[PDB]
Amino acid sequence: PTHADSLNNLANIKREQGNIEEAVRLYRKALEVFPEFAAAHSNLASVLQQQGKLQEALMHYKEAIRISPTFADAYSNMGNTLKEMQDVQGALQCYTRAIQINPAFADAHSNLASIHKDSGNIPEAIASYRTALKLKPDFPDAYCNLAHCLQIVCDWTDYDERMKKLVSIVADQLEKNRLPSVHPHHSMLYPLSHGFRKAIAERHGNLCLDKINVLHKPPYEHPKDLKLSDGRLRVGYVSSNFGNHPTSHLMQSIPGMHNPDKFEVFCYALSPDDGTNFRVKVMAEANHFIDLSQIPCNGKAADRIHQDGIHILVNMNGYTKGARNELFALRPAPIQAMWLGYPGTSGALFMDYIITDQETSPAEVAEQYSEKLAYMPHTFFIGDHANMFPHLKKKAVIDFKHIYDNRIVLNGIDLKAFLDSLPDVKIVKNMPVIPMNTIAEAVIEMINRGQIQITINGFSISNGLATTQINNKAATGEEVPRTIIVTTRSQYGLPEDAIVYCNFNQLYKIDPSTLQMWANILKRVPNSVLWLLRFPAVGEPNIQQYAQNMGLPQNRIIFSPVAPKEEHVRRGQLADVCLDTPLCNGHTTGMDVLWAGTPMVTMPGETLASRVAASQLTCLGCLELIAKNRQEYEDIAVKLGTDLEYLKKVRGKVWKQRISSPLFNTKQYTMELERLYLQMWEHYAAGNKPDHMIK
């Protein structure tokens, strides 16, 4: 008892010194002397949980809660362990018991709030975060997590004061050398300085270094030339998103397009096979595919990467779900670069480069990144739309009365043959137009009746609202649709006689200044509506309230549900103009809208995430859509909505340039990506440390 107290004290001491295994040995020795030692079981479980030994940590948590039935702190930390083991229901039970044992336990309410948050139940998360902050007013983790909840649903109550407090919390935590309560991925949404955002990321990169230093592994011996690889550069793509995820929707064609004479492609998957065609394609077209989800140990997984002789390891996650940045902290490869998946800096010294471009990351804001800049010639952004949605390369319209290109739209691999079977088809100078006749009335009747599909002249004509009933793999983008699809403004309640401004982003990317900008545009263009998504639905009443306070009636804003991927991209053809979010642009979402032929107005900022859209537009060749300030953004948007001849010109420009520009040309992108790889390698092979590659 007294001796066990001393042993638990020494283990706590050795724990603070970093000697984790000596702490474990001494915790076990305290349990050997006094088995019914709740604090020792709880201390040992916390140490095992930090080592990643979650099942073993669970054993000692269960002992602690039995010995001390009022040990609320143990229930809470046990729930934290179950959450990490992906037992969400079990974690909810532990948090619930912790709050029942001690209703004033602030940490337990906050942990319960995070379960509601991860589960999608934002109003319940907000309620539990506010209880935590009512119990403990000085609670950075709960305050910052509540702030992000309010961001998701566009609750901007006391927004300016909230932003000021978030900055103050980060400044204090960085000053007191603690891990910031703001997640590095969220830092783009808050008016933090570039220095603070880099420092937040740097603190997270140091966590990975701390986790790998306990492995006590030496530095790897890296290859010095390409002899052992037969002159080929070995590139390893590491991602948790080889499957149904934006990442594969952008780059699934790139591994199979690499030149095998000069490159050997290794894809390192951090997630298990989700059964989709996205995973099938990357597994089939990469030279090598390694499922690291079967190798939980970061030491053994890093050994595997080094064994393959990787020259350039590519971090496609950053600080996003499923990341294992410990792999990069171990440095199994001599060159390690950030690419595509994470729109921000890692802040970590083990990442050498960030692959970007001059429009996204001009040399002036290079102090925002810890990595050296590595420029792609046009944009670093890419998308697989030409392969996934070839049925949207061309379109035809039905004249339901001048002539509109975005009221009733047909798309399909076999559209031309269907058109050739119809009489009186007109070609506008080239867009085919079907006149209002028996064929056209049958299409509208299908839409109004909610019918799934019809047949005209033997051709399958599908309702664009019903793709999951016709071919679910086509609806998700895993297969190219094999019918002709109808898309109409009446399917979404859009006005037939007005300008449609759209934004299909998650609502969290909007802030008060952005919605005020949009309200100013709608007031100047009386014949117009704003088209947004329930993303999530609980954000809709907040947007509508703020719009009503700004003087916009309810009928000026139209909401649609989130749609399957193919319908999402296809319905963008119904808008006239996309109004991009300046706080954080459309990234995947901007490629989606441009593939539909929709002009996008953007106002680039300073952070990477606020400049992606302008870079896409610069590559597309539409400099006139990039605004230097909020007033120019409004002026551009209003001109597109009122100068109807200008609108037709710009829409024709976007429609053509999405094919003729580099933006969607994955083969060209891969070859420029390969040119940049060899610049990195030849720079390293000559014995130099990483430097900016900006020419």
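Counting begins at 1, following the sequence as shown.
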Length class of the unmodelled deposited segment, which would lie between residue 429 and residue 430: 10 or more
With residue 401 and residue 402 adjacent in the shown sequence, let me know how many deposited residues between them lack coordinates: none, 1 to 3, 4 to 9, or 10 or more. 1 to 3
Determine, for stretches 176 to 184 and 572 to 580, which one has the higher mean CA B-factor as deposited. 176 to 184
Out of 558 to 566 and 308 to 316, which stretch has the higher average CA B-factor listed in the record? 308 to 316
From the list 455, 294, 131, 276, select the residue with the highest C-alpha B factor recorded in the entry. 294
Could you tell me which one of 644, 626, 47, 654 shows the highest CA temperature factor in the PDB record? 47
Against its chain's modelled residues, does residue 51's Cα B factor rank lowest, middle or highest third? highest
Using the temperature factors of the C-alpha atoms in this entry, rank residue 61 within its chain: lowest, middle or highest third. middle
Temperature factor at the Cα of residue 667, chain-ranked in thirds, falls in the lowest
Relative to the other modelled residues of the same chain, rank the CA B-factor of residue 659 and answer lowest, middle or highest third. middle
Chain thirds of CA B-factor: placement of residue 205: highest
